[PDB]
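Before any comments, here is the structure.
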Amino acid sequence: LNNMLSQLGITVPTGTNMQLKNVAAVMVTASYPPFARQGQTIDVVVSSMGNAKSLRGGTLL
Amino acid sequence: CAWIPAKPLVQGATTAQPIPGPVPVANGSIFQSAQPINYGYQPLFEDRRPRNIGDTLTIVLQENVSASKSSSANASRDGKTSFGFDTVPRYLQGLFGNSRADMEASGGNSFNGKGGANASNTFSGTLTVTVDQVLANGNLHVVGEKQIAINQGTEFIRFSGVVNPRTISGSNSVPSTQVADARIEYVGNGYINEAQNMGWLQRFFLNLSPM
Amino acid sequence: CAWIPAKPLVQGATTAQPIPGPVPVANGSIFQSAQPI
Amino acid sequence: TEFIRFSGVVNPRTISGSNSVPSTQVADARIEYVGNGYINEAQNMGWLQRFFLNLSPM
Amino acid sequence: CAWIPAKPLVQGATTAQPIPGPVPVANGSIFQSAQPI
Amino acid sequence: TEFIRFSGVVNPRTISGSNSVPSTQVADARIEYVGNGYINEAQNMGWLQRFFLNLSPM
Amino acid sequence: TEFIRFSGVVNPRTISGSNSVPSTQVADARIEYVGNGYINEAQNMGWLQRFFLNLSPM
Numbered sequence: 062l063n064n065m066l067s068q069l070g071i072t073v074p075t076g077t078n079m080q081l082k083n084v085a086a087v088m089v090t091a092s093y094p095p096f097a098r099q100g101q102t103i104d105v106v107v108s109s110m111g112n113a114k115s116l117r118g119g120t121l122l
Numbered sequence: 022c023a024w025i026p027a028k029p030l031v032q033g034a035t036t037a038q039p040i041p042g043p044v045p046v047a048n049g050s051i052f053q054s055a056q057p058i059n060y061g062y063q064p065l066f067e068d069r070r071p072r073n074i075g076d077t078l079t080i081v082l083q084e085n086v087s088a089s090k091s092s093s094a095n096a097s098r099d100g101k102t103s104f105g106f107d108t109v110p111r112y113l114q115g116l117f118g119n120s121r122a123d124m125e126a127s128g129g130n131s132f133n134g135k136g137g138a139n140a141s142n143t144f145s146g147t148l149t150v151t152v153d154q155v156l157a158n159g160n161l162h163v164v165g166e167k168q169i170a171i172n173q174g175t176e177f178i179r180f181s182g183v184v185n186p187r188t189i190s191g192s193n194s195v196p197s198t199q200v201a202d203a204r205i206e207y208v209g210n211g212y213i214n215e216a217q218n219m220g221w222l223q224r225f226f227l228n229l230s231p232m
Numbered sequence: 022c023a024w025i026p027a028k029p030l031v032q033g034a035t036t037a038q039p040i041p042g043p044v045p046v047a048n049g050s051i052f053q054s055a056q057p058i
Numbered sequence: 175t176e177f178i179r180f181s182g183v184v185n186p187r188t189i190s191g192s193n194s195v196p197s198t199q200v201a202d203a204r205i206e207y208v209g210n211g212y213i214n215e216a217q218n219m220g221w222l223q224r225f226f227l228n229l230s231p232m
Numbered sequence: 022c023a024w025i026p027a028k029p030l031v032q033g034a035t036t037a038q039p040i041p042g043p044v045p046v047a048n049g050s051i052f053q054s055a056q057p058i
Numbered sequence: 175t176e177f178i179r180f181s182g183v184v185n186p187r188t189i190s191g192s193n194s195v196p197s198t199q200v201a202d203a204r205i206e207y208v209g210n211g212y213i214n215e216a217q218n219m220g221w222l223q224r225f226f227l228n229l230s231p232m
Numbered sequence: 175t176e177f178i179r180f181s182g183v184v185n186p187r188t189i190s191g192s193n194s195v196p197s198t199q200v201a202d203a204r205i206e207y208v209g210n211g212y213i214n215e216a217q218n219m220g221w222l223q224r225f226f227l228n229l230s231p232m
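Those protein sequences? They're chains A, B, C, D, E, F and G, same order as listed.
In the deposited numbering, each residue's number is its place in the first sequence (first place is 1) plus 61.
In the deposited numbering, each residue's number is its place in the second sequence (first place is 1) plus 21.
In the deposited numbering, each residue's number is its place in the third sequence (first place is 1) plus 21.
In the deposited numbering, each residue's number is its place in the fourth sequence (first place is 1) plus 174.
In the deposited numbering, each residue's number is its place in the fifth sequence (first place is 1) plus 21.
In the deposited numbering, each residue's number is its place in the sixth sequence (first place is 1) plus 174.
In the deposited numbering, each residue's number is its place in the seventh sequence (first place is 1) plus 174.
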């Protein structure tokens with residue numbers, strides 16, 4: 062999250078308190094199809110990877 | 022001397038006169054805006070980082086380097102041999118008589134070498150520099166100079182380097198250990214500085230003396 | 022000596038002048054972006 | 175004037191999260207810490223003493 | 022001596038200049054990938 | 175100037191999780207720690223003393 | 175320069191789980207710890223003293 066914020070233009074000081082609740086770290090997996098052309102779309106699977114309770118209404122960045 | 026005219030460090034006029042604003046145009050409005058110099062798009066939530074030529078940026082000089090080395094070696098050797106026939110029996114007098122076989126010898130050797138070296142330096146302060154070029158990958162070349170004159174002489178603190186924008190903190194400041202081609206300089210003039218150069222004769226001897 | 026002219030470690034000019042931005046194109050927009058690298 | 179020069183080869187997967195690497199993880203490390211001025215000149219041996227240190231019998 | 026020119030341990034230039042990236046191809050994409058080794 | 179040189183043969187299954195091996199697990203270990211300059215020259219024996227150390231009777 | 179040389183014969187069922195054997199389980203153990211340089215030369219006896227140590231009457 063700090064990497065993303067820094068990339069966007071906001072530098073959070075280091076060694077500071079930060080406890081979020083609406084964010085989860087996920088692994089995304091997909092299947093590259095045959096003869097795939099750039100611009101097309103595929104379906105992805107999103108899976109939690111640490112101590113999260115649910116991904117009910119989330120959005121993948 | 023103190024009567025020889027010298028120019029001050031801060032030259033020119035040290036005051037400015039306010040200029041009267043323009044006469045308001047007689048539309049139906051009370052709000053009158055003097056000609057506003059339009060500056061470009063400015064983000065709202067992003068930190069104030071320098072982005073173009075001429076922007077300022079604070080450097081926090083904190084340098085602390087310290088290196089050292091040493092070594093040694095040694096060696097030693099002793100030896101001491103002896104032999105003495107005090108009372109020789111008669112039947113042996115033809116071989117060990119008249120002290121013809123007594124012997125005594127000694128020997129020694131020693132060596133000790135050693136050496137070492139070290140170096141160190143520190144630096145602490147704060148200095149605001151200015152961007153003078155934007156590189157092809159977003160890095161900023163920065164240069165800066167601060168001149169002080171406390172009652173007798175003049176000290177100069179100059180700085181130059183290259184900064185990566187993603188290292189600038191939220192308060193528009195970078196520690197000097199994150200600058201790539203750091204050139205720092207802290208010099209002075211006046212007789213206080215002249216009292217710290219070696220005399221030409223001593224400087225010559227320091228280089229050409231045999232020892 | 023201290024009177025012999027030597028060059029400083031940081032050479033060249035130690036200041037820069039800001040350059041005026043481009044004149045905004047007269048589309049219907051307030052957002053004007055100078056040529057972005 | 176003091177000069178600190180460095181040269182080496184770095185493996186990207188060793189760089190920390192703050193864009194920093196300890197110098198013990200660099201392969202062909204060349205480090206140099208030298209100086210000039212009369213402070214540095216006061217630490218070279220005299221040519222006669224340097225000659226004796228090499229050619230003296232003991 | 023201290024005036025005899027010697028070469029430093031770290032030789033050559035101790036700085037590098039960033040090179041401008043390639044011009045993006047005008048497909049319908051924002052993602053442009055420079056030639057990846 | 176000090177030089178630390180190393181050469182050897184490593185078995186991959188001995189490399190730790192942090193890409194590191196203790197030097198006691200290298201087979202043909204050649205380690206070298208030498209230097210130059212007058213600090214190193216002040217630690218060689220004089221040629222006369224070196225000659226005596228070998229050819230003296232005692 | 176110091177040299178540590180080793181030679182021997184090992185029975186595989188004595189190798190531990192970490193690929194290590196204590197040297198007391200090797201059959202024809204030949205161990206050698208020698209050196210060279212003047213530090214080693216300062217530990218040989220002089221030829222005259224060596225001669226006397228063998229041929230002196232007492």
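Built from N, CA and C at the ideal position, the CB exists for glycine as well.
Cβ-Cβ distances below 7 Å link D/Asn-210 to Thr-175 in the same chain, with the five nearest sequence neighbours on each side left out; the list follows chain order.
Secondary structure note for B/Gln-168: its beta strand (DSSP E) is the uninterrupted segment 161 to 169.
In the three-state reduction of the DSSP assignment, F/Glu-206 falls in the strand class. Per DSSP, the unbroken alpha helix (DSSP H) holding A/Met-65 starts and ends at 63 to 69. With respect to chain B, the C-beta atom of D/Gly-220 has a partner C-beta closer than 8 Å. In chain order, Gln-38, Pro-39, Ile-40, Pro-41, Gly-42 make up the part of chain E whose C-beta sits under 9 Å from the C-beta of B/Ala-157. Beyond the five residues adjoining it in sequence on each side, F/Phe-180 comes within less than 6 Å, by CB distance, of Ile-205 in the same chain, given in chain order.
Taking all protein chains in view, the Cβ of B/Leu-113 is surrounded by fewer than 16 other Cβ atoms within 10 Å, so the residue is classified as exposed.
In the structure shown, B/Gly-129 falls within a strand segment according to DSSP collapsed to helix, strand and coil. Listed in chain order, the non-local C-beta contacts of B/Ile-74 below 8 Å within the same chain comprise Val-152, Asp-153, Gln-154, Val-155, local neighbours out to five positions each way being set aside. At a cut-off of 8 Å between C-beta atoms, F/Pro-196 does not count as an interface residue with respect to chain G. Secondary structure of F/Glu-215 (DSSP, three-state): helix. Going by C-alpha positions, B/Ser-93 is about 20 Å away from F/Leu-222. The contact set of B/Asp-76 on chain E, defined by CB atoms closer than 9 Å, is empty, because the minimum CB distance reaches about 19 Å.
For the region 201 to 221 of chain F, residues whose beta-carbon sits nearer than 9 Å to a beta-carbon of chain D comprise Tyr-212, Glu-215, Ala-216, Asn-218, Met-219, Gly-220, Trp-221. When D/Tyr-212, D/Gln-217, D/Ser-230, D/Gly-182 are compared, the shortest CA-CA separation from D/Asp-202 is found for D/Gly-182.
Take B/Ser-87, set aside five residues on each side of it, and the residues of its chain with a beta-carbon closer than 6 Å to its own are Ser-141, in chain order. Closest option to B/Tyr-207, judged by alpha-carbon separation, among B/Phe-225, B/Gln-168, B/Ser-192: B/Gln-168. At least one C-beta of chain F is nearer than 8 Å to the C-beta of D/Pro-231.
For B/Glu-125, the CB contacts under 6 Å within the same chain, skipping 5 residues up- and downstream, are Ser-103 in chain order. As the crow flies, the alpha-carbon of F/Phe-225 is around 11 Å from that of G/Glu-215.
The C-beta distance from C/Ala-55 to B/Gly-61 rounds to 5 Å, short enough to fall under 8 Å. The C-alpha of B/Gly-136 lies about 38 Å from the C-alpha of B/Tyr-212.
Closer than 7 Å at the C-beta level to chain G, one finds no residue of the region 175 to 199 of chain F. B/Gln-63 carries a coil assignment under DSSP once its states are collapsed to helix, strand and coil. Excluding residues up to 5 positions away in sequence, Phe-106, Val-109 lie with their Cβ nearer than 6 Å to the Cβ of B/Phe-117 in the same chain. Counting only residues of its own chain and dropping the five nearest sequence neighbours on each side, G/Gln-199 has a CB closer than 6 Å to the CB of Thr-188. Using a CB distance cut-off of 8 Å, B/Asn-160 counts as an interface residue toward chain E. In terms of beta-carbon proximity, B/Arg-224 lines the interface with chain D, with at least one pair separated by less than 8 Å. Taking the Cα of B/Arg-69 as reference, the smallest distance to any Cα among B/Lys-101, B/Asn-218, B/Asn-193 is reached at B/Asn-193.
For the pair G/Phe-177 and F/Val-195, the Cα-to-Cα distance works out to about 22 Å.
Residue nearest to B/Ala-96 within the set G/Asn-185, G/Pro-186, G/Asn-218 is G/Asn-218 (criterion: CA-CA distance). In the structure shown, the three-state DSSP call for F/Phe-225 is helix. Within the DSSP secondary-structure output, A/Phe-96 pairs in no beta bridge. Ranked by how close their Cα comes to the Cα of B/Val-164, the residues C/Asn-48, C/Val-31, C/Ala-27, C/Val-46 have C/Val-31 in first place.
Within its own chain, the residues whose Cβ lies closer than 6 Å to the Cβ of A/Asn-63, once the five positions on either side in sequence are excluded, are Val-73, listed in chain order.
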